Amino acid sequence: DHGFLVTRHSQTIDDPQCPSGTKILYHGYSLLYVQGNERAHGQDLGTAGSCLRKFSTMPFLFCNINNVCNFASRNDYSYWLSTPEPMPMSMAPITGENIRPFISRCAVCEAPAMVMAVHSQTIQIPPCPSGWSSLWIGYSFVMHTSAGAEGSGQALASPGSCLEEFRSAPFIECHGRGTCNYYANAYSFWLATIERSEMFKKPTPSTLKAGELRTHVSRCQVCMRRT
């Protein structure tokens, strides 16, 4: 074991279990990205950087050239993978302890070998490469945008691009003020399913609704090299 890590996100309030063959290092909250001074910076979901031991709507501060730092006084953001918790009927911002049920949990685990994701770009599960075994299957998550159309994405070779639960709204937006909410411009981008005959043909536009979303999203598998 040369020090390989695998990060998993439950997308629920419950800690996820480490996949077969790996050992738990720690559990935390699923950080998707932050936005400071209007610049988004993400933490790849397949890396430990997306799993923070402590949650905060404003987990960072900034410092200037006069050697003065400011904490939460401005208008910065933090974004976290969320749970199935329904968005409040009032649709008003969520604060304090009421935020907890909306934040996804994660586990960082030590693995005996390298891990990677493969995507089928079809409704079927792509097989793990020659010599690699399955850790989990999911849906191909590519990138996202939210406030100011800023955002970040996942490395398609990383387990972070393979979420186990498809969610039309996989993340929640939080502000330094201490509020969090789901906003209409919170966009999640997923790889689409493509038939062999559609590759070199004009894509056929489609607008999908509740009940027919998940079936048009590329599937993926997270695999670990056998040793």
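Sequential numbering from 1, following the sequence displayed.
As listed in the deposited structure, the average C-alpha B-factor of 21-29 and of 199-207 is greater for 21-29. Relative to its counterpart among 149-157 and 125-133, 125-133 has the higher mean temperature factor, C-alpha atoms as listed in the PDB entry. Taking only the listed residues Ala92, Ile103, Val118, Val142, the entry reports the highest CA temperature factor at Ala92. Among the modelled residues of its chain, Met87 has a C-alpha B-factor that falls in the highest third, as given in the PDB entry. In this PDB entry, the Cα temperature factor of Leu5 sits in the top third of its chain's modelled residues, the highest group. For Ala107, the recorded CA temperature factor ranks within the middle third of the chain's modelled residues. Sort the modelled residues of the chain by CA B factor and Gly176 lands in the highest third.
Per-chain ranking of the deposited C-alpha B factor places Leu191 in the lowest third.
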